[PDB]
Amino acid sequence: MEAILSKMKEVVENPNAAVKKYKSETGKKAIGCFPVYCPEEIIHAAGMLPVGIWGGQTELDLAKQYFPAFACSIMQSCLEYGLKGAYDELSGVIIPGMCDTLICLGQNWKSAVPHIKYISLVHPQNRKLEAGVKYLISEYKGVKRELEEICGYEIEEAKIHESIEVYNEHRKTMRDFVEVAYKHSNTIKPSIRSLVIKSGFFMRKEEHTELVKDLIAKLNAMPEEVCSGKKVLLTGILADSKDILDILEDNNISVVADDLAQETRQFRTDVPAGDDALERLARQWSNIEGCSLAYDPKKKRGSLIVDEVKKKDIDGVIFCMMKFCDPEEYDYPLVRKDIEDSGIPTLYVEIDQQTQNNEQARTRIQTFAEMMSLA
């Protein structure tokens, strides 16, 4: 798998080079997609490249002219990069209005980064009402219209259906990797598990698919493994920094499942059958479950996490809490209770892209790991 892992690392550590390469070879453009949910199938159908945008480790400077200190870490990073010019190879960006902070970012962007077209999109809360489906279809028609303004040609209905089968294929394959990885927990460390998944944001899905199938084939040709340490499930926005993942490994902790927005939330739910392309996409949003950004007065998130912990005999759950994220903060008390009431232990860890020090997380995680042991 060495050749495959080297390929993945390359694009993840040098995304700008990968984007220019796609433009030179294909002669087509690239569009950025901001966190949680965008309709990638539409960009894909035009022959364009959908690039994921998830912040990064940076100090703040230019952003201080637009945000005060209490905006969430990830969005502080995204704005700084934007103002510094790091996204200039892109022909536009979709910034969905999922929360107060994403809404305010789009509005500042309009006057702060004039040269990169901002495409608006707001998902409905009443997502299960037939009237809500209709509204989202109109929102997606807007997105299609503005993508055509950019590229200079029509995006055909037949092609959107085609890109949808492609994306469902990729979702099925990632779910296959999740199971195999769980069966080879000693070989697949937290750093490798993250790389395999995250690399899917920086290439065409059809390419990523062939790569993961290869690795799956290589892994099944190896004996199943008896975990030598402790098993965990991670939940929250994201956990991709080298720092936090090395600490996990230092305590011989293995990640065998997740409820992270950057990871399994993306491929957990498929797009349904239909004759109308945009209708199929809209009904996907109706179907999503177990996420802090998807309206649900019953809060099924806790229950879904318990079911999965039981299936895989997992030893604990770690809340990876994005600094100053209000939706995740609102969820925390009720979700934690459903998990602990079932008998499963939990840990709190702050995620900060501007960190500086990490001795706190270090001591805390060591205690958790020891405790899981004596249990």
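Just count from 1 along the sequence shown to find any residue number.
For the segment pair 282 to 290 and 183 to 191, the entry gives 183 to 191 the higher mean B-factor, averaged over Cα atoms. The stretch with the higher mean CA B factor, choosing between 54 to 62 and 321 to 329, is 54 to 62. Going by the entry's values, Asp276 shows the largest Cα B-factor out of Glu89, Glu249, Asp276, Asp100. Per the PDB record, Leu219 has a higher Cα B-factor than any other of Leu136, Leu260, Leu147, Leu219. When all modelled residues of the chain are sorted by CA temperature factor, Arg336 is found within the lowest third.
For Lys28, the recorded CA temperature factor ranks within the lowest third of the chain's modelled residues. Among the modelled residues of the chain, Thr264 sits in the middle third by CA temperature factor in this PDB entry. Placement of the Cα temperature factor of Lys242 within the chain: highest third of the modelled residues, per the deposited record. Remark: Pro223 belongs to the highest third of its chain, ranked by C-alpha B-factor as recorded.
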